[PDB]
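Only one chain comes next, encoded as structure tokens, the form deposited in one PDB entry.
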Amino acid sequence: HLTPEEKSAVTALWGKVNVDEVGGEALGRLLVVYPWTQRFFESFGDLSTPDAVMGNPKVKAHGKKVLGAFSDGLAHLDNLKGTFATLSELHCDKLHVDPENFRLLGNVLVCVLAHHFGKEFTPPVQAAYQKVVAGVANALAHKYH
């Protein structure tokens, strides 16, 4: 549930998002800031230090696919429970990720948008994105309910 002038500032800002870097940036910062999330990602190799994680080819690659799922959710903000049906099944039944972690990745993305977009990332823009990331987080957690 976004207003017309929220949905237009959300979609405006996304078109300027370097889809290559931000995704790896968001996934790398989650693993360093909340180190328990590293146990879901053992096959990605060396996550021993902050430089090992950010410079890690599989993290940077996997980040493109995360940001790419975020891109598809904006397009269909009226049917997230649908868009994210397959990823809900993966994350909740196969992997067993605690839904608190969906919120933390949403919140680390917001910190990263603020890092790149600076003063263009205004408090009212942030309040519109905080609505998006919660909606994503609840869509992913639907297979637990």
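Only residues modelled in both forms are compared. Counting begins at 1, following the sequence as shown. By rigid core we mean the largest C-alpha set that fits within 1.5 Å across both forms.
Given 73 to 81 and 91 to 99, the range whose Cα B-factors average higher in the PDB entry: On average, C-alpha B-factors are higher across 73 to 81.
Should the higher mean CA B-factor in the entry be assigned to 15 to 23 or to 131 to 139? It is 15 to 23.
From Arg29, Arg39, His62, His116, can you pick the one with the highest C-alpha B factor in the entry? Comparing C-alpha B-factors across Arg29, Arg39, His62, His116, the top value belongs to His116.
Select one of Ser43, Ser48, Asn56, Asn107: the residue whose C-alpha shows the highest B-factor in the crystal structure entry. Among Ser43, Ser48, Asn56, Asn107, the PDB entry lists the largest C-alpha B-factor for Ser48.
One more form of this protein should be noted, the form deposited in another entry, which is absent from this view; the next part is about it.
With the two forms aligned on their rigid core, point out which item of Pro35, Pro57, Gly68, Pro50 shifts its C-alpha by 2 Å or more between this form and the one not shown. After core superposition, the one over threshold is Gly68.
Once the core is superposed between this form and the one not shown, does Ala26 show a C-alpha displacement of at least 2 Å? Comparing forms between this form and the one not shown, the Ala26 CA shifts below 2 Å.
When the rigid core is used for the superposition, does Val110 move between this form and the one not shown (threshold: C-alpha shift of 2 Å or more)? It does not reach a 2 Å shift.
Is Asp78 one of the residues whose Cα moves 2 Å or more between this form and the one not shown, with the core superposed? True for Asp78: a C-alpha shift of 2 Å or more.
Please check whether, in the other form, the CA atoms of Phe102 and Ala75 lie closer or farther apart than here, given a change of 3 Å or more. Closer, not farther.
Cα distance between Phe41 and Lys81, which in the other form differs by 3 Å or more from this form, closer or farther: Compared with the form shown here, the C-alpha atoms of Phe41 and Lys81 sit farther apart in the other form, by 3 Å or more.
Given a rigid core superposition, which stretches of at least 3 residues have all Cα atoms displaced by 2 Å or more between this form and the one not shown? The run that moves is 68 to 82, and no other.
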